[PDB]
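Accompanying notes for the structure given below.
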Amino acid sequence: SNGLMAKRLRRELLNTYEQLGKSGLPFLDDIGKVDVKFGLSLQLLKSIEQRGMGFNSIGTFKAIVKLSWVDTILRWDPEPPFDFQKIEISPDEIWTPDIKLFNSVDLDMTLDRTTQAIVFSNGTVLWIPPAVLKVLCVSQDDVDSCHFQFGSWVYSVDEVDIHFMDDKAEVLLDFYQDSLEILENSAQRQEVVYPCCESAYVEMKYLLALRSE
Amino acid sequence: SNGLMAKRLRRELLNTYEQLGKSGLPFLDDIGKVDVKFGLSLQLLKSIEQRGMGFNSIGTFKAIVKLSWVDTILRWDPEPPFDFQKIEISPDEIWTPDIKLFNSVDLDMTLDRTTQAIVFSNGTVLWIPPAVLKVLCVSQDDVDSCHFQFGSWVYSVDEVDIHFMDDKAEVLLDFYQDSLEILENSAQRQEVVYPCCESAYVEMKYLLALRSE
Amino acid sequence: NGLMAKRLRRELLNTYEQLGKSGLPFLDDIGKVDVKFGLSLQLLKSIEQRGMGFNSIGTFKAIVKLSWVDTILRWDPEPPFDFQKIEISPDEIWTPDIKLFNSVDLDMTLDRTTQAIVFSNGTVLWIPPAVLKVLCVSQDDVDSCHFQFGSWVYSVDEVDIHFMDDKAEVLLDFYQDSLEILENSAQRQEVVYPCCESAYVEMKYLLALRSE
Amino acid sequence: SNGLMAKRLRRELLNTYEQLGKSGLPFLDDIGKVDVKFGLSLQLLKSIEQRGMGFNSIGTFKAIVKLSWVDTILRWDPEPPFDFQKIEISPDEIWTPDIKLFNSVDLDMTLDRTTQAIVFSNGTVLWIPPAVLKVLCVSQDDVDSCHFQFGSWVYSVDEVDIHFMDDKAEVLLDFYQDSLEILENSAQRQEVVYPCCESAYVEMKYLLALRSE
Amino acid sequence: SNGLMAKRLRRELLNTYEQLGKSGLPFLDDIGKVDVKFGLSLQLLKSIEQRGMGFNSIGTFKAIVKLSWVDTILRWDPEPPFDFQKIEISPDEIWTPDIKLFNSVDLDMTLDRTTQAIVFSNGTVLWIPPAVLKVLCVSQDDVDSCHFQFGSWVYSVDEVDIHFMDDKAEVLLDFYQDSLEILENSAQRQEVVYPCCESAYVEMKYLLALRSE
Ligand SMILES: *[C@@H]1O[C@H](CO)[C@@H](O[C@@H]2O[C@H](CO)[C@@H](O[C@@H]3O[C@H](CO)[C@@H](O)[C@H](O[C@H]4O[C@H](CO)[C@@H](O)[C@H](O)[C@@H]4O)[C@@H]3O)[C@H](O)[C@H]2NC(C)=O)[C@H](O)[C@H]1NC(C)=O
Ligand SMILES: *[C@@H]1O[C@H](CO)[C@@H](O[C@@H]2O[C@H](CO)[C@@H](O[C@@H]3O[C@H](CO)[C@@H](O)[C@H](O[C@H]4O[C@H](CO)[C@@H](O)[C@H](O)[C@@H]4O)[C@@H]3O)[C@H](O)[C@H]2NC(C)=O)[C@H](O)[C@H]1NC(C)=O
Ligand SMILES: *[C@@H]1O[C@H](CO)[C@@H](O[C@@H]2O[C@H](CO)[C@@H](O[C@@H]3O[C@H](CO)[C@@H](O)[C@H](O[C@H]4O[C@H](CO)[C@@H](O)[C@H](O)[C@@H]4O)[C@@H]3O)[C@H](O)[C@H]2NC(C)=O)[C@H](O)[C@H]1NC(C)=O
Ligand SMILES: *[C@@H]1O[C@H](CO)[C@@H](O[C@@H]2O[C@H](CO)[C@@H](O[C@@H]3O[C@H](CO)[C@@H](O)[C@H](O[C@H]4O[C@H](CO)[C@@H](O)[C@H](O)[C@@H]4O)[C@@H]3O)[C@H](O)[C@H]2NC(C)=O)[C@H](O)[C@H]1NC(C)=O
Ligand SMILES: *[C@@H]1O[C@H](CO)[C@@H](O[C@@H]2O[C@H](CO)[C@@H](O)[C@H](O)[C@H]2NC(C)=O)[C@H](O)[C@H]1NC(C)=O
Ligand SMILES: CN1[C@@H](CC(=O)c2ccccc2)CCC[C@H]1C[C@H](O)c1ccccc1
Ligand SMILES: CN1[C@@H](CC(=O)c2ccccc2)CCC[C@H]1C[C@H](O)c1ccccc1
Ligand SMILES: CN1[C@@H](CC(=O)c2ccccc2)CCC[C@H]1C[C@H](O)c1ccccc1
Ligand SMILES: CN1[C@@H](CC(=O)c2ccccc2)CCC[C@H]1C[C@H](O)c1ccccc1
Ligand SMILES: CN1[C@@H](CC(=O)c2ccccc2)CCC[C@H]1C[C@H](O)c1ccccc1
C-alpha cells in the first residue's frame with residue numbers, strides 16, 4: 001500500500017502507548033502471561049582479563065540477543081488500507097521485556113536500542129539487537145568458564161515466562177566469528193525463587209567454556 | 001481487572017507528578033518524614049586496583065541496592081475498577097530518594113534507573129536496582145578493606161530517615177556469587193551533622209573486608 | 001532567499017515530524033531503497049593483541065559515505081524555492097540502519113551531528129566520520145581485518161546496497177597514515193539469515209596492513 | 001503548608017524560567033551583579049599518573065563543590081499557604097553560574113547535576129554537588145603539586161563576582177577522607193584580564209601539594 | 001533594562017530559530033557567505049602515547065577554540081526596553097559553523113557546548129569553548145610532530161569561509177600552561193578541492209612540534 005498509510009498505521013498503533021504509557025504488561029483486556037522467546041548468539045570475545053592474581057577474570061563478549069513476544073496492543077487487521085504484514089518500530093516506543101543479565105559485572109549487559117523491532121499484524125514482536133555482555137569467569141587449566149544468567153527483573157513466572165527461541169537450549173553459533181575453541185556450551189531454563197517474592201522467576205542460564213589463548 | 005484499567009490507574013496516580021513535578025517530598029498533605037528502608041546486596045568484585053605504589057586501591061563492586069519508602073501521592077483503594085494490589089512504575093516518573101554514595105571516587109555510584117519500581121496500593125514503593133560502587137580501599141596484609149557511606153544528599157533526618165531493611169546491619173550476601181572470602185562485614189546507622197546545616201543527616205556506613213587473591 | 005530556504009526545510013520535514021522517521025522513505029507505493037555505500041579509511045587508532053593469541057582488536061578512523069533517494073524530501077526547484085540542495089540533520093529524517101555486523105562493540109559509531117545534504121530530486125548524500133572496531137588476525141607481521149556492513153532489519157527487497165561509484169574496495173582518498181596496505185578488496189553478497197526468507201545485502205571489506 | 005502547596009510554589013517560581021528560559025543573569029528587575037560564594041572540599045585522590053617520562057602527571061580528584069548566590073526570580077513571601085522557608089529545585093531548571101575549571105585536562109570538571117539545589121525564600125540558592133577534577137600536576141622530589149583555577153566562563157567581574165565561602169581561602173578539609181599528607185594548601189581570589197574583554201574575570205586559584213605515595 | 005526584558009529579547013531573537021529551525025546559513029534575506037574567524041589556543045598536552053612499536057603516536061591536547069561570525073538573524077536595535085548591547089545564548093539554540101577536526105583519530109574534537117556564546121546587537125557572535133583534540137602525530141628524533149586540520153564539514157568556500165583570528169597563522173599561546181618546549185608552530189589557510197564537490201573547502205591546517213619528554 002502507500003508508504004503514507006504505513007506511517008499512519010504506526011502512529012495509530014503507538015497512540016495507545018503514547019496516551020497510556022509503555023509501562024505494564026501488554027494487555028488491555030484480561031491480563032495474561034507474556035511468554036518471551038530468548039536466544040543468545042555469540043559472535044566473538046572482546047577480552048578476558050584476569051582479575052588480580054587469582055583464578056577469576058572479566059570476560060567481555062560480543063553477541064546478538066534474540067527476543068520475541070506477543071503484544072496484543074500492537075495488533076491490526078491486515079486489510080486495506082493497512083494491508084501490511086509487518087511494520088518496524090523503535091523498541092523505546094513500545095513495551096519491551098525487562099530481561100537483564102543478572103550476573104553482569106556492570107549494571108547490565110548493553111543492547112543496541114537504536115536497532116528496530118519488527119511487529120507483525122498478529123502482535124508478534126521480533127527484536128534482535130546486538131549486545132555486549134560482561135561477566136566474571138573462572139580461568140583454570142587453560143580453560144575459561146563463564147556463565148550468563150538472564151531473567152525478567154520484576155516479573156515472576158505468572159507474568160513473564162521465558163523459553164529458548166526455537167527450543168535451542170544452547171549458545172547459538174550461527175554468527176560465531178572468532179577463532180577460540182568452544183569447549184562447553186549448554187543452557188537451562190529454571191524457575192528460581194527469590195527472597196522478595198512468592199512466585200518464582202524464570203532464569204535462562206548459559207554455561208560457556210572457551211580454550212584460553 | 002482489565003489491563004486497560006491498570007494502565008488508567010497508573011496514569012491517574014502519575015497525573016499529580018506530571019502536573020506538579022517530581023521534585024519535593026512525596027506528600028499530598030502536611031509534609032512529614034520519609035522513612036527509607038535500605039539494603040545493600042554484594043554480588044561480586046569487578047576489580048581492585050592499587051593506587052600508585054601505596055597501600056590504597058580503587059575497589060569496583062557490583063551490587064544490588066534495595067530501597068523502600070512510602071509515597072502518599074501514589075495511594076489508591078484496591079476496589080473495582082482499580083482492583084489491583086500493586087503496579088509497576090518507572091522510577092524516573094516519581095520521586096525517589098537522593099541517596100548517594102558519599103565516598104564514591106567518581107561522582108556517585110550508578111544505579112540502573114531503567115529498572116522498574118513496584119508500588120503497592122497503600123503507597124509503599126519497593127525498588128531494587130542493580131548498582132556499581134567504586135570506592136577507595138586499603139589493601140594491606142592480604143586484606144582489602146573498603147567502606148561505603150550512603151545518605152540523602154540534601155534531606156536531613158527530619159525529612160528523609162533511613163534504616164536497614166529488615167533491620168540487618170550488614171552487607172547482604174543473598175546474591176553473593178564471587179569466590180572471595182569475606183573477613184569483615186558490618187554496618188552502622190548514625191546521624192551526622194555537617195557544616196552546611198543545623199539538622200543531622202542519616203549515614204548508613206558499611207565496612208567490608210575481603211581476603212586478597 | 002534565506003527565509004524561503006528555512007521554510008522549504010520545514011515544509012519538507014513536516015511529514016517526518018507528524019508521522020515519524022520510521023519506515024521506508026516512500027509516500028506513494030513502497031519500493032526498494034538502493035543505498036550507495038563507501039568506506040574511506042583515514043588512519044589506524046590502535047591495534048591491540050588480544051591475550052597472547054594471534055588476534056587483535058583493531059580500531060580505525062574512517063569516513064562513511066551514504067547516499068539514497070528519499071521521495072518524501074522532493075521539491076520543484078522554482079522560485080521562491082529555487083534551491084538545488086538543502087542541509088538537514090540526519091536525526092530529522094529516515095536514514096538506513098546500516099550497521100557494522102562484526103563490530104566488537106555494539107556497532108561502529110558515526111558522528112550524527114554531521115549534516116546531510118538533500119537535493120531537490122530527493123537524493124540524500126551524508127558523509128559522516130566513523131570509528132570502527134573489529135577483531136583482526138595478527139600473524140607473520142600482517143594484520144588482517146574484515147568489515148561487514150548491511151541493513152539490520154531490511155532485506156534486499158526493501159533496502160539494497162551497492163558500492164558508491166562501483167568501487168569495491170576501501171577508499172584511500174582521505175588516507176593519512178603510514179601503514180602499508182597489503183590487501184584491499186570488497187564484495188557485495190546477498191546472504192540468507194536464520195530469521196528471514198529474503199536475503200540481506202552484505203558489503204564485506206577485507207583489509208590487510210603491514211604490522212608496526 | 002502541605003506537600004501539594006510546596007509543589008505549586010515550585011511551579012509558580014519556575015514558570016518564569018520555563019516561559020523565558022534559564023539563560024541570562026538571575027534578576028527579576030534591574031540586572032545587578034551576582035556574588036557567588038565558592039568553596040572547594042577535597043575528599044580524595046582517585047589517581048595521579050605520570051605523563052610519559054617527565055615531571056608532570058595527570059591528577060584526578062574527587063571533591064565536593066559548594067556554591068551559593070542570590071536569584072531574585074526565585075523569591076517568595078513565606079506566608080500561608082506558601083509558608084515554606086526553603087524548597088529543593090533541580091539545578092538544570094534554573095540559572096546556575098557557568099563556573100568552570102579553566103585548567104582541566106578534559107573539557108571541564110564534572111559536577112553531579114542530578115543533585116538538588118536548595119532555594120530559600122529570599123532567593124538565596126545553596127547547591128553543593130560532588131565533583132570530579134582532573135588537572136596537570138608536577139610530580140618531583142616525592143611531592144605532587146597541583147593547581148585549580150575556577151571562574152565564570154563568560155561573565156566578567158561586573159556581572160558575576162566570586163568570593164570564598166566563609167572567607168576561607170583554602171581547600172576545605174571538612175570532607176577529607178584520604179590518607180595522603182597535605183603539604184601545601186592555599187587559595188587566592190584575583191581579577192584577571194583576558195585578551196577577549198575589557199572587564200576582568202574573577203579567578204579562584206587553589207594550590208594543593210601532596211606527599212607522593 | 002531589567003532581567004525579564006533581557007529574557008524577552010532573547011526569546012524574540014530565538015523565535016525564528018525555534019519556528020524555522022537552526023539548520024541553514026544564518027540569513028533571512030539574500031543568502032551570503034559566512035566569514036568565520038577561527039583561533040586555536042593550546043593549553044596543555046594530556047598525553048602522547050606511541051602507537052605500537054612504530055614512529056607514530058596518539059597526541060591528546062586540551063585547547064580553547066575561538067569562533068566568531070555574523071548572524072544577521074540575531075540582530076537588534078539596542079534601544080529601550082531592549083537596551084542591551086550583548087546577550088548570552090546557548091550555542092545549541094542557534095546556528096553554529098560545523099567546523100570539525102578532519103584528522104581527529106576519534107569522530108571529531110569535542111567542544112564544551114554547554115559554554116555560552118555571546119551575541120552582540122549587530123549580529124556578531126563570539127563563542128570561545130574549551131576543546132579536546134586527539135590526533136595522530138609522528139614521534140621521531142625526540143620531537144613529536146602533530147598537525148590539525150579544521151574546516152566546515154558540508155559548506156564550501158562559497159558558503160562558509162574561514163580566516164585566522166587576529167590574523168595570527170599559528171597556535172595561540174595566550175593560555176599555554178604546559179612545560180613542553182614548542183619547537184615548531186605554524187598554520188596555513190588553504191582552499192582544498194574534495195571529490196564530492198565542485199567548490200573548494202577552506203582548510204585551516206596547523207603544524208605543531210614539541211620536544212618529547
Ligand atoms: C503496605 O503494603 C505493603 C505490601 O502489602 C506491606 O509490606 C509488607 O509488610 C509485611 C508485613 O509487615 C512484610 O512482611 C515482613 O517481612 C520481613 C522479612 O521477610 C519480616 O521480618 C517480617 O516479620 C514480622 O515479624 C517481626 C518480628 O516479629 C516484626 O517486627 C515485623 O513487623 C513483621 O510483622 C514480615 O514477615 C513484607 O516484607 C512487606 N512486603 C512488601 C512487598 O513490602 C506494608 O506492611 C503495608 N504498609 C502499611 C503502612 O500498612
Ligand atoms: C539528484 O540530483 C543530483 C544533483 O543534480 C544528482 O547528482 C549529480 O549526479 C550527476 C550524474 O551522476 C553527477 O554528474 C557526474 O559526476 C560523475 C562523477 O563520478 C562523473 O563521472 C560524470 O561524468 C560523466 O562522464 C564519465 C566518464 O568521463 C562517465 O563515467 C559518467 O557516466 C558521466 O556521464 C558526471 O559529471 C553530478 O556531479 C551530481 N551533481 C551534484 C551537484 O552532486 C543525482 O544524480 C540525482 N539523483 C538521481 C538518483 O538521479
Ligand atoms: C537569606 O536567607 C538565608 C537563609 O536563611 C540567609 O543565610 C543564612 O544567614 C544566617 C544568619 O546570618 C546564617 O546563620 C548563622 O550562621 C553563622 C555561622 O555558622 C552562625 O555563627 C550564626 O549563629 C549566631 O551567632 C552569631 C555570632 O555570635 C550571631 O551574630 C548570629 O546572630 C547568631 O545568633 C547563625 O546561625 C546562615 O548560616 C545562613 N545560611 C545560608 C544557607 O546562607 C541570608 O542571610 C539571607 N540573606 C539576606 C540578604 O537576608
Ligand atoms: C559588531 O559589534 C562588535 C561588538 O561591539 C564589534 O566588535 C568589536 O569592535 C570593537 C571596536 O571596533 C573592537 O575594539 C577594538 O579592538 C582593537 C584591538 O584590540 C583596539 O585597537 C580598539 O581600541 C581603540 O583605539 C584604536 C586606536 O588605537 C581605535 O582605532 C579604535 O577605534 C578604538 O577606539 C578597540 O578596543 C573589539 O575588538 C570588537 N570586539 C569583538 C568581540 O569583536 C564589531 O566590530 C561590529 N561589527 C561591525 C561589522 O560593525
Ligand atoms: C504471527 O505472524 C508471523 C508472520 O506470519 C508468524 O511467523 C511466521 O510463521 C511462518 C509459518 O510458521 C514461519 O515460517 C516464519 O518463520 C514466521 N516468520 C517470521 C518472520 O518469523 C508468527 O508465528 C505468528 N505468531 C503467532 C503467535 O501465531
Ligand atoms: C528478583 N529480581 C528483583 C525483583 C524486584 O526488583 C522486585 C520484585 C517485587 C517488588 C519490587 C521489586 C530483585 C533483585 C533480583 C532480581 C532477579 C531477576 O528477577 C532475575 C531472576 C532470574 C534470573 C535473572 C534475573
Ligand atoms: C550534607 N550533604 C550535602 C547537603 C546539601 O547539599 C545541602 C544542604 C542544605 C542546603 C543546600 C544543600 C552537602 C555535602 C555533603 C552531603 C552529605 C550527604 O548528606 C550524606 C550524609 C551522610 C552520608 C552520606 C551522604
Ligand atoms: C539479519 N539481521 C537481523 C534481522 C532482524 O533484526 C529482524 C528481521 C526480521 C524480523 C525481525 C528482526 C537479525 C540479526 C542479524 C542481522 C544481520 C544484518 O542484517 C546484516 C546483514 C548483512 C551484513 C551486515 C549486517
Ligand atoms: C575569559 N573566558 C572566556 C570568555 C568568553 O568565552 C567570552 C567573553 C565575551 C564574549 C564572548 C566570549 C574566553 C576563554 C577563557 C575564559 C576564562 C574564564 O573566564 C576563567 C577566568 C578565570 C578563571 C577561570 C576561568
Ligand atoms: C568535504 N567534506 C564532506 C562534504 C560533505 O559531507 C557533503 C558535501 C556535499 C554534499 C553532501 C555531503 C565530505 C567528507 C570530507 C569533508 C571534509 C571537510 O569539508 C573538511 C575540509 C577541510 C578541512 C577540514 C574538513
Side-chain angles (χ1 to χ4, degrees), chain A residues 1 5-38 66-99 111 113-129 152-163 165, chain B residues 1-15 18 80-84 86-90 92-93 114 116-119, chain C residues 18-23 153:
Chain A
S1 181
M5 289 305 102
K7 291 174 179 293
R8 290 213 216 259
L9 170 63
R10 188 179 291 92
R11 289 268 63 82
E12 290 183 357
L13 295 179
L14 290 184
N15 172 78
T16 306
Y17 274 128
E18 284 154 0
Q19 283 287 75
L20 288 173
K22 297 178 290 155
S23 299
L25 298 179
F27 304 93
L28 289 178
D29 302 313
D30 291 323
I31 295 169
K33 180 190 78 156
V34 183
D35 188 19
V36 175
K37 306 290 186 297
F38 179 98
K66 310 184 180 176
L67 290 160
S68 188
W69 65 91
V70 175
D71 186 333
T72 65
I73 295 161
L74 299 172
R75 290 172 176 173
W76 71 95
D77 295 296
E79 314 104 35
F82 312 98
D83 45 318
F84 308 95
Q85 289 186 288
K86 60 192 162 67
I87 55 156
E88 65 276 64
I89 295 178
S90 150
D92 288 337
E93 293 194 73
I94 56 174
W95 181 90
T96 55
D98 61 336
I99 290 169
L111 302 176
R113 308 190 70 93
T114 71
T115 297
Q116 297 172 285
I118 300 302
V119 184
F120 301 90
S121 61
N122 58 13
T124 294
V125 181
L126 179 54
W127 182 37
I128 306 174
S152 167
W153 202 257
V154 305
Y155 299 112
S156 65
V157 69
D158 300 310
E159 297 162 316
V160 174
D161 206 340
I162 317 177
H163 290 87
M165 192 173 285
Chain B
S1 298
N2 255 28
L4 182 61
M5 292 303 102
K7 281 183 179 283
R8 294 216 197 278
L9 174 64
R10 183 181 293 101
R11 288 267 73 79
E12 289 182 11
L13 292 172
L14 287 185
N15 187 65
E18 285 169 346
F82 293 139
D83 54 315
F84 306 95
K86 60 188 175 62
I87 54 161
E88 64 275 74
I89 286 185
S90 151
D92 289 344
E93 296 179 65
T114 72
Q116 296 173 287
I118 298 307
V119 190
Chain C
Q18 295 301 116
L19 302 164
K21 299 179 287 163
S22 306
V153 299

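Side chains included, hydrogens not; waters and symmetry mates left out as well; all remaining heavy atoms used. In the text below, chain A, chain B and the rest are named by the order of the sequence lines, each starting its count at 1.
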Less than 4.5 Å apart, any side-chain heavy atom of A/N122 and any of A/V70?
no
If every non-hydrogen atom of A/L25 is compared with every non-hydrogen atom of A/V160, which pair is closest and at what distance?
CD2-CG2, 4.1 Å
Check whether the side chains of B/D92 and B/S90 place a donor and an acceptor atom closer than 3.5 Å, and report yes or no.
no
Within the supplied structure, the quantity of interest is the number of heavy atoms (other residues, nucleotides, ligands) at a distance under 6.0 Å from A/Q85 CD; does it exceed 12?
no
In A/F38, A/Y155, A/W69, the residue satisfying side-chain contact (heavy atoms from CB on, under 4.5 Å) with A/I99 is A/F38
Is there side-chain contact between A/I31 and B/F84, with at least one heavy-atom pair below 4.5 Å?
yes
Nearest 0.5 Å, please: how far is CD1 in A/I87 from CG in A/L74?
7.5 Å
For residues A/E12 and A/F82, report the shortest heavy-atom separation together with the two atoms involved.
OE1-CZ, 3.6 Å
Once rounded to the nearest 0.5 Å, what's the spacing between atom OG1 of A/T16 and atom CG of A/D71?
9.5 Å
Got a donor-acceptor contact below 3.5 angstrom from the A/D98 side chain to the A/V154 backbone?
yes
Check the pair A/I73 / A/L20 against side chain to side chain contact (heavy atoms under 4.5 Å, CB included), numbers first and verdict last.
CA-CA 11 Å; A/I73 295 161; A/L20 288 173; over 6 Å; no
So which atom in A/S1 and which in A/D83 form the shortest heavy-atom distance, rounded to 0.1 Å?
CB-OD1, 3.2 Å
Looking only at atom types and distance, does a side-chain atom of A/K33 sit under 3.5 Å from a main-chain N or O of A/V157, one as donor and one as acceptor?
no
Quick one: are A/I89 and C/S22 in side-chain contact, heavy atoms under 4.5 Å?
no
Indicate yes or no: at least one non-hydrogen side-chain atom of B/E18 is less than 4.5 angstrom from one of B/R11.
yes
Under the criterion side chain to side chain contact (heavy atoms under 4.5 Å, CB included), I'd like the reasoning laid out for A/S152 against A/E159: C-alpha separation, chi angles, the key distance, then a yes or no.
CA-CA 10 Å; A/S152 167; A/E159 297 162 316; over 6 Å; no
Cationic N near anionic O, under 4.0 Å, A/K37 to A/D35:
yes
Is it the case that more than 12 heavy atoms not belonging to A/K86 sit under 6.0 Å from its NZ atom?
no
Side chains of A/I128 and A/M165, heavy atoms from C-beta outward: is any pair under 4.5 Å?
no
Which atom pair, heavy atoms only, marks the closest approach of A/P91 to A/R113?
CG-O, 3.3 Å
Determine, stepwise, if the pair A/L28 / B/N2 fulfils side chain to side chain contact (heavy atoms under 4.5 Å, CB included).
CA-CA 6 Å; A/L28 289 178; B/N2 255 28; over 6 Å; no
